[PDB]
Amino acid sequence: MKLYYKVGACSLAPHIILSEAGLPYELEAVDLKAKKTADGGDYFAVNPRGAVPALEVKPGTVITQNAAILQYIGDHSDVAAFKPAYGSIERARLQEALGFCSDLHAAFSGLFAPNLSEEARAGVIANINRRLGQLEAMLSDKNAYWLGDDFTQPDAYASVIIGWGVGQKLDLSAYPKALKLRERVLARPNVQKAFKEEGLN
């Protein structure tokens, strides 16, 4: 399978999950500004929404949307925690966390709009604080990872999102559970492998 990505963007979550699944996969960096694949082709032909991630499962079949991609990868892995049975409450919990990651993403994405006024930015920041506060309340000191004992796809997604906060030099020290979750995720060898594959430290 071939993952269309941009370094450090939300495609990093499926990149991580592909690495964790042990998945043979390939990687295609996308010029997101010009909407071009690496060979100069039109990325809109791959994803008409023009966003990453996209995952070519096989020639002619490209899945878009992080929730769909993350669960496709999981459902075709041998990692039981990545593929709970539909819906066992576990599947519902998996999808709820992924759904909430999309709420988190929507909040952070305002930060990256062009010609963002200071006033508009303040509103974005307040929303980010609110979403991060909600994430922190959702996480529990009783669980090693978001959903419990096992690392799952929303752990990778949450960690990338929190990563955008760090990269924007935002103070996340009031969200210690979220920071600890990301610390745990980044320590994983197959996570470090994915980072390395995007030329990231």
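Numbering starts at 1 and runs along the sequence shown.
- Of the two segments examined, 105 to 113 and 73 to 81, it is 105 to 113 that shows the higher average Cα temperature factor in the deposited entry.
- For the pair 164 to 172 and 47 to 55, the mean Cα B-factor is higher in 164 to 172.
- Looking at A67, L135, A156, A38, the one whose CA carries the top B-factor in the deposited record is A38.
- Among the modelled residues of its chain, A97 has a C-alpha B-factor that falls in the lowest third according to the deposited record.
- Among all modelled residues in this chain, the alpha-carbon of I16 has a temperature factor (C-alpha) in the lowest third.
- The PDB entry assigns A144 a C-alpha temperature factor belonging to the middle third of its chain's modelled residues.
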